[PDB]
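Scroll down for the structure; my scribbles are underneath it.
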Amino acid sequence: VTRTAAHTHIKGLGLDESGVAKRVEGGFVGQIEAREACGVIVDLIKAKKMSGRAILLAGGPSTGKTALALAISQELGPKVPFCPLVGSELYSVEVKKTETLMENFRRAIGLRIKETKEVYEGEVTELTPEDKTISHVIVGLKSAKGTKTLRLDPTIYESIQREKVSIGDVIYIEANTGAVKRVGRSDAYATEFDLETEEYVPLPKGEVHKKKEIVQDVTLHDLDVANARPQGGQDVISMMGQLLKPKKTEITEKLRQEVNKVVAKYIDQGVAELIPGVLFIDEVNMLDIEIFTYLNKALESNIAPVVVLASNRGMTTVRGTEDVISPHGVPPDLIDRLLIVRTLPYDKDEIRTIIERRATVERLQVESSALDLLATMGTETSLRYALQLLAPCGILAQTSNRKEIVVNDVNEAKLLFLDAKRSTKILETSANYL
Amino acid sequence: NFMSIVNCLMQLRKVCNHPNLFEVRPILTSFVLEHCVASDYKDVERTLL
Amino acid sequence: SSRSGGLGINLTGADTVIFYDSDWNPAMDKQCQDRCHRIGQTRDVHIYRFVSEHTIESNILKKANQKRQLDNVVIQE
Amino acid sequence: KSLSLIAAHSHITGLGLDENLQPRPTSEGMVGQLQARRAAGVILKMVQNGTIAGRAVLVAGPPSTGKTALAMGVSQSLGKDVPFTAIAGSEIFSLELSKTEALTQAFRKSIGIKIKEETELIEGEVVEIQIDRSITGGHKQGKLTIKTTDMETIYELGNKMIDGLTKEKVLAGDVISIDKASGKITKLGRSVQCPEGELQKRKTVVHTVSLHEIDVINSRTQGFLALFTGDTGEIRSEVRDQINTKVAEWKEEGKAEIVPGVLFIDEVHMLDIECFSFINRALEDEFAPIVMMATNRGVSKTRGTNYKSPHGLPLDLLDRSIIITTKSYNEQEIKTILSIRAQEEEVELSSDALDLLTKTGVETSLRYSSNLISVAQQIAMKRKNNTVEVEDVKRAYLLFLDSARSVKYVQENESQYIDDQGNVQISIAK
Ligand SMILES: Nc1ncnc2c1ncn2[C@@H]1O[C@H](COP(=O)(O)OP(=O)(O)O)[C@@H](O)[C@H]1O
Ligand SMILES: Nc1ncnc2c1ncn2[C@@H]1O[C@H](COP(=O)(O)OP(=O)(O)O)[C@@H](O)[C@H]1O
Ligand code: BEF
Ligand SMILES: [Mg+2]
Ligand SMILES: [Mg+2]
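Chains as they are written, first to last, in the numbering used here: chain A, 1469 to 1902; chain B, 40 to 88; chain C, 214 to 290; chain D, 71 to 500.
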C-alpha cells in the first residue's frame, strides 16, 4: 500500500507566519535554530532576487541534514525547480567535470512559458502531387464538420507516406511541430472487411483546425540542449543527424550568452517568466579540489541560483591535497563565500518521539513498554539502529499473530541482530578475520 | 443569483463523474522555438566563405 | 438515464442497480432503482451509489444524512 | 536590456579613473586600491593602445580583496565591441581536449577582427502583388508596386524573389525589406510601420568576429555546428599558419582589421607546468593578447612538481611578467562597500545597525557582512518593517554561524564528526 524509506514523514518545515519554529510540527523535533534558518532560506528563495549565495548544513550522522533537504524540497513545491545531487556522481567519464557542474547549474534554472499549437485532424481524401510536379502533396482532411485541403512540405509528406496512411484513414496532424500520426480507419469501412487487424475509429468531431494555449514549464537547460542538438523527427535526415553524434558535448560560452539573451527577449515580451532553483549536493566533501576551485568562480556568476550543500566531517585533509587540512574538508577560499547552519544531535525524549512518529506513519503499533525499550537501546547504539529494527519487531509480532510489538519482540530482534558495535566486538576475537 | 449556482452545479456534475469539461488532454507537443541561433550566424559564415 | 426509462418500465432481468449521479434524489432514485424491483424478481436488489471525496457529492450525501435527506437547497463548503 | 541580478560584482560599472590616471576614491562603485586602480588605468592604456602585444601582467593579493572585482571593473571600463574573455583554470582541464590546444584556443578566441561590408537594401510599402506565370508550364513573371513616402514604383521581380514571396505569405499593405544579393525578405508590420526615404538605400553591414570562429569554419565543413556546440579539437597548426598569413595580408590591404582582445585567467596557482611552459613560449607570439593573472594563493608547490615555487607559479613565468599586489581594507572601506551594497540591493539599514554590520564585517570578513545585509532584509520584513534594525543584525549573526565559530565548535566536538581516519562516536552514553 504505502512505501517509505527514512523519509516521507516530512510534510513541511513546520513554521508559523512569524517564522518561529514550533517544537513539534511537520513530524519535526528540535533543530529550532535549524528550522528557522531553513525558513530564512525559504523566504530568500521566495524573493527570487538573490543569486550566487551558498548555504551548507554542518552536521554529523543522523543530524537531519538530508532530512532538512527533503523538508525544503517539500515546501518548495512542484513549480520551484529543485535538483538533488550527489557530490560523488559529478565525476564524469565522457565529459569534463566542470561541464557537468555548469549543466546542473543550468538545470536548476527553470522558466514557465505559454504557447499555442495548431491541431488538424480528419480523414484524407487525396494524396496527389500538385500539377510538371514537385515533391509536394495536397491532402484533404474531412472531420465531422471540418472540410479542408492542405498542401504540405516534402519532409512532412515523407513522414506521412512512412506512416502508411491512405484514403479512409483518420489522422492527427499538427501544424507547428509537423508530427504525423494516423488515428485509424473510419467506422464507415468497418463493414467493408469482415475481419481486419486494423481497428476502426470514428471520424474526428468538430472542425479540422483547432487552437489551445499551453502553459508547459521548461528549464533553461532543456532549451539549451534543444538548440544544441536535434531531438526528434520522422524524416530520415533527422535520424541521420541524431546518429551522426550521440555523444554529449559541452556548451560554449556564446551558446549560454545567446540562450540567456533570447530568454531575456521572451520575458521582455511579457509571456516568459523566470524562477530560480535550489541545488542540493550530498557529501560535498567527497568531490575534489578541482571542483572547489571552479566553484570559486562559479559562485560569483550572475544567473547561478541558490545552492545548498552538506558535509559529515571536520578538520580533515582536502581531496587532492596533502598539507591542506580544512574543516569539513572544504578549503578556506570557498568557506569564505559559504554560510553555515548549525545542527544538533538528539537525546532520549526526541529520539523516542521520532521513532513513535515514524511508527505511526509505518502503520505499526508499539506498546508503551516496548516504546521505553526502543528509547533505551536507540541511544547507546544509535537512533538509526532502532529505526531499522522497527519493522522486524512488527513482523515478529505479526508472526506471533499479535498486533502489538511487545518487549519480547524487541528482545528477540536484538538477540538475532547485532549492531556495528557488536560486529566490531566479535571481530576483535577473530581466528581468521572473523 | 441562484442560476449561477445551478450552472456551477451542472459543470460540477459533468466534470466530477468524468473529465468531460471540454475534455482536452494535452498530446504533449514539443516546444517549436523558431530562434534558430544558427540562422543568426549562417550569414556571417557565408560572408566569410 | 433517469428520464429515459427509469419511470414506468417493468424490467426484471437484473438484480443490481447502480446510480452514477443523483443531484435531486428525494424521489427519482426510488423509482429508478425500483424499475428493476419487479414481481418477477427471485433475488435481492443491490443498490450501488457513486460518490467522490472532497466534492459536491460527498457534501450533499453527508448533509442529507445529517438532516435525514429531507430537501437540499444550498450546497457549499 | 541585459538580464542582470544582484551579484558580488554587479555593483561596479567601470573603474572610475581620471584623464591623468587618478582614481577617484568612490568612482563607479569602485573604491580604494589607488595603486591597483592606477595599474588598471595603465593596462587600459595598454589595451586601447593596440600597438603593443605579448604583455603579461600578474595581479596577486590576499583572499576576498577584490582582485576579481578589479578585473570585472576593468572589463566594464573596456565596454562593448572590445573582445574580452573571462575564464578560470579548471575549464581547460578536459579529456576530449588536451590542455595545450585548449590554451591555444583560449589565446585564439581573445583577439577579434572587424569586417566592414556594404549591402543594398530595398525597403518600402507594397501596393499590390501581381505574378504572371503559366498554369502548368511555369514561366513566372512576378510584378509588384512598391511605395514609400516619396516614390510609387512598380518592380518586375525575378524567379527567386517571387518564389520566396510564395514561400512567406504577404499581403498588399504589408511592408517588406529586400536585399539584392541575398534575396531574403523581412516583414515586420502592417498598416504598424511607416517607411520613409529612398527604396535603394545603400547602407553598410559591419560584422565583428574573433579569429577562432573563422579558424573553426575553415577547419571543417562541420565547424559551424562544432563551434555552435564546442565539440571541436586539435586543429592542425598549418590551418593556423595559413589563416594568420591571410589575416596579415587583409591587414595590409585593409579590408578587415584586428582588435587585440583581453584574456582573463583565474586560479593560475593550480595550473600545470606544461601549461606554464606553453604560456612562456606563446607569449612571444605577435598575436598574443593582453592577459592578466589572478593568483589568490601564495607560496605553494607548483602542480606536477615537488618544488614550492613562490606565488604558486614558476619563476620562468614571473620573469617575463610584471606583478602588482592588493592590500587590505580599512574600516572606512568596509563602510563604503556595505553602503554600496545597501543602495544596490535596496537595504534601509539603521545607522547603528550599519555600524554593527561594519564591525562584524571588519573582524570576520567582508563577504560575511555582504550576505548578512541580504538576510537582514527578510529578517526585518518577517515582522513587517521596511527598515532593518540592530536586533535583525544580531539575529542574523547568531543564526548563521561564522567560519571561525564553526572551527572552534568542531575543535571541542571532534568526536561528534569523523576524523582523518574516519572514526566518529555516535552513542550518547559511555
Ligand atoms: N526533526 C526531525 N524530526 C524527525 N526526524 C528527524 C529529524 N531530524 C532528523 N530526523 C531523522 O534522522 C535521520 C537522519 O537524517 P538525514 O539528514 O537523512 O541523515 P544525516 O542527518 O546523517 O545527514 C532521517 O532519516 C530523519 O528521518
Ligand atoms: N574596491 C572594491 N569595490 C567594490 N567591491 C569590492 C572592492 N574590493 C572588494 N570588493 C568585493 O569583495 C569581493 C571579493 O571577491 P573576489 O575578488 O572574488 O576575491 P579575491 O579578491 O580573493 O579574488 C568581490 O566580490 C567584490 O564585490
Ligand atoms: F408501471 Be409501474 F408504476 F412500475
Ligand atoms: Mg542527511
Ligand atoms: Mg576571489
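A virtual CB, placed ideally from N, CA and C, is assigned to each residue, including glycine.
Report the three-state DSSP secondary structure of residue i (helix, strand or coil).
i, result
"A/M1707", "helix"
"D/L258", "coil"
"A/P1622", "helix"
"A/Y1814", "coil"
"A/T1534", "helix"
"B/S78", "helix"
"D/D88", "coil"
"C/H259", "strand"
"A/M1518", "coil"
"D/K271", "strand"
"A/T1828", "helix"
"A/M1845", "helix"
"A/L1483", "strand"
"D/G368", "coil"
"C/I288", "coil"
"D/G194", "strand"
"D/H381", "helix"
"D/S280", "strand"
"A/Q1702", "coil"
Per DSSP, residue i forms a beta bridge with which residues?
i, result
"D/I82", "Paired residue(s): none; D/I82 is not in a bridge."
"B/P58", "Per DSSP, none; premise fails for B/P58."
"B/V71", "Paired residues: none, contrary to the question."
"D/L227", "D/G212"
"residue 1416 of chain A", "With chain A covering 1469 to 1902 only, the question about residue 1416 of chain A has no answer from this structure."
"D/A126", "D/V361"
"A/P1552", "A/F1748"
"A/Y1559", "In DSSP, A/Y1559 forms no bridge with anything."
"A/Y1668", "A/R1653"
"D/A156", "D/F334"
"A/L1609", "A/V1592, A/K1616"
Once you ignore the five residues that flank residue i on each side, which residues in its own chain have a CB closer than 7 angstroms to its CB?
i, result
"C/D284", "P239"
"D/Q495", "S485"
"D/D285", "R178, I305, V309, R310, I313"
"D/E283", "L297"
"A/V1693", "none"
Where residue i and residue j are concerned, what is the direct C-alpha to C-alpha distance, given to the nearest angstrom?
i, j, result
"D/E190", "B/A77", "23 angstroms"
"A/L1777", "A/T1847", "28 angstroms"
"D/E222", "D/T215", "7 angstroms"
"A/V1587", "B/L48", "31 angstroms"
"B/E73", "A/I1628", "23 angstroms"
"D/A156", "D/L73", "18 angstroms"
"A/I1822", "A/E1835", "15 angstroms"
"A/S1556", "A/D1756", "9 angstroms"
"A/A1474", "D/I407", "46 angstroms"
"A/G1527", "A/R1810", "7 angstroms"
"B/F41", "C/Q279", "23 angstroms"
"B/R85", "A/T1566", "33 angstroms"
"D/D425", "D/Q447", "16 angstroms"
"A/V1554", "A/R1630", "44 angstroms"
"A/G1487", "A/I1478", "18 angstroms"
Whose C-beta lies closer than 6 angstroms to the C-beta of residue i among residues of the same chain, with five residues either side of it excluded?
i, result
"D/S379", "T372"
"A/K1673", "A1612"
"D/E327", "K184"
"A/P1744", "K1516, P1773"
Heavy atom of ligand 7 less than 8 angstroms from the Cβ of residue i, yes or no?
i, result
"C/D242", "Annotation note on ligand 7: not contained in the displayed structure, which lists ligand 1, ligand 2, ligand 3, ligand 4 and ligand 5 as its ligands."
- Message: Can you tell me which residues fall inside 6 angstroms of ligand 4, judged by beta-carbon distance to its nearest heavy atom, and keep chain order?
- Response: In chain order, the hits are A/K1533, A/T1534, A/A1535.
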